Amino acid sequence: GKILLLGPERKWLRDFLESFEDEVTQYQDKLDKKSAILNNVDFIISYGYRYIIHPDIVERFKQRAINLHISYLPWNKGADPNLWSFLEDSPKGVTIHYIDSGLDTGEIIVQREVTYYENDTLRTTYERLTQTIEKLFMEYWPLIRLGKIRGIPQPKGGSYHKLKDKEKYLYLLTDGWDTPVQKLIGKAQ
């Protein structure tokens, strides 16, 4: 079996994927649709990939491409989900879903709600989301890779944001990552 990991290199994740006796390739740059990196690839996992996957790849790898996203879909599709979950006071959590045409709208494989606490900052909620999704992926990948599970359709609704939407709220982030989230709740309504 051949796994393509899209996003930054992560040693724990390579060793995890490779312990299934799968061969694992990793790529973090924009991926040309006709690139030979895709030759013989059985499964694509994106996690922190900074580029949009070209639609022809997406179509070619229907039910063979998943994404690890740190929101509770359908809320906070797209950019900066952790910040927007507090600015818009939305559900908080992480989701593994199949990759779709369009921006984080494919079928939901499993999700998990993540709680926050009164002293939390953007930093401590983001790290908690990261630990949660990485554990969740280790729990469910054995089933995902053997086609043992499949997705339910992702509900329309929720919310979506672009990287630039946060610009008008940056003034609230007086400590950057260390801004307490309590200050931010509901500031975008």
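One-based numbering along the sequence shown.
K.L.:
So which stretch wins on mean C-alpha B-factor, 118-126 or 23-31?
P.N.:
The recorded data point to 23-31.
K.L.:
Quick check on the record: does 163-171 or 6-14 carry the larger mean Cα temperature factor?
P.N.:
163-171 has the higher mean C-alpha B-factor.
K.L.:
At the C-alpha atoms, which of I133, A65, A36, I52 reaches the highest B-factor in this entry?
P.N.:
In this record, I52 carries the highest C-alpha B-factor of the candidates.
K.L.:
Could you check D80, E113, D89, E107 and tell me which one carries the biggest Cα B-factor in the deposited entry?
P.N.:
By C-alpha B-factor in the record, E107 ranks first.
K.L.:
What third of its chain, lowest, middle or highest, does the C-alpha temperature factor of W141 fall into?
P.N.:
Middle third - that is where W141 ends up once the chain's C-alpha B-factors are sorted.
K.L.:
Mind checking which third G157 falls in for C-alpha B-factor across the chain?
P.N.:
Its C-alpha B-factor belongs to the middle third of this chain's values.
K.L.:
Ranking the modelled residues of this chain by C-alpha B-factor as given in the entry, is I96 in the lowest, middle or highest third?
P.N.:
Tercile = lowest for this residue's CA B-factor.
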